[PDB]
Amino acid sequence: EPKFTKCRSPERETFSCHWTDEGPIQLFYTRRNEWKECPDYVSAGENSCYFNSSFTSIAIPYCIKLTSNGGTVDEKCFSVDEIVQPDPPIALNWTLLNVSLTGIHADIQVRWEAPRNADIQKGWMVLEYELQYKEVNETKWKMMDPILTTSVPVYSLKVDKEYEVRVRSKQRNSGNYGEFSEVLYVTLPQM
């Protein structure tokens, strides 16, 4: 009855797998390099298995099986690049872009840094970023097309309103987007 929820690699170098809560539930894995028990049931939290950089290799297929005292209850097969989901960008900040002193509107520039565990500088990962923003009283977020840089303008914000901005990342052409960064609040001066 217990089933796998998901597997994820944050930086293309390590990975972890998670399952929903008879007898204790075990995890077994096989990779071309047969079945071995999970090497670490604690690091990624409860009902999880953690695979450090010594067990993680790109391009080769992995298969995992969840087992109970009566047999196999779930199975999954994947490659590391299919499960990459990067940590979010950090250190979000904004500053005014336009030079006017009397507008009812203003343009800003928002900037961030890549997640610290990603190896961008030596070419192991290449990221794209998707920024979202909205007025703080709104329920829906406006979504921008993805970009390659760690900064971008947001145009025509009303100086009378407060805004909030969030960003997430993904490895180019593979895996999925990861979680959103912490929100950045935008309060523009006005007179």
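The first residue of the sequence shown is number 1, and the count goes up from there.
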Study note, to complete from the structure: Here the number of deposited-sequence residues unresolved in the coordinates between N33 and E34 is 4 to 9
Point to revise | Between neighbours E22 and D21, residues that the deposited sequence lists but the model omits | key: 4 to 9
**Study point:** Segment of higher mean CA temperature factor, 124-132 or 23-31
**Key:** 23-31
Study note, to complete from the structure: Quick note on 85-93 and 100-108: per-entry mean CA temperature factor is higher in 100-108
Review point. Of the options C63, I147, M143, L66, which has the highest CA B factor as deposited?
Key: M143
Revision key, fill the gap. Chain thirds by Cα B factor, record data; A118 belongs to the middle
Review point. Mind checking which third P39 falls in for C-alpha B-factor across the chain?
Key: middle
Check your understanding: What third of its chain, lowest, middle or highest, does the C-alpha temperature factor of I58 fall into?
Key -> highest
Point to revise | Lowest, middle or highest third - CA B-factor, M191 | key: highest
Check your understanding: In terms of the chain's CA B-factor thirds, is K158 lowest, middle or highest?
Key -> middle
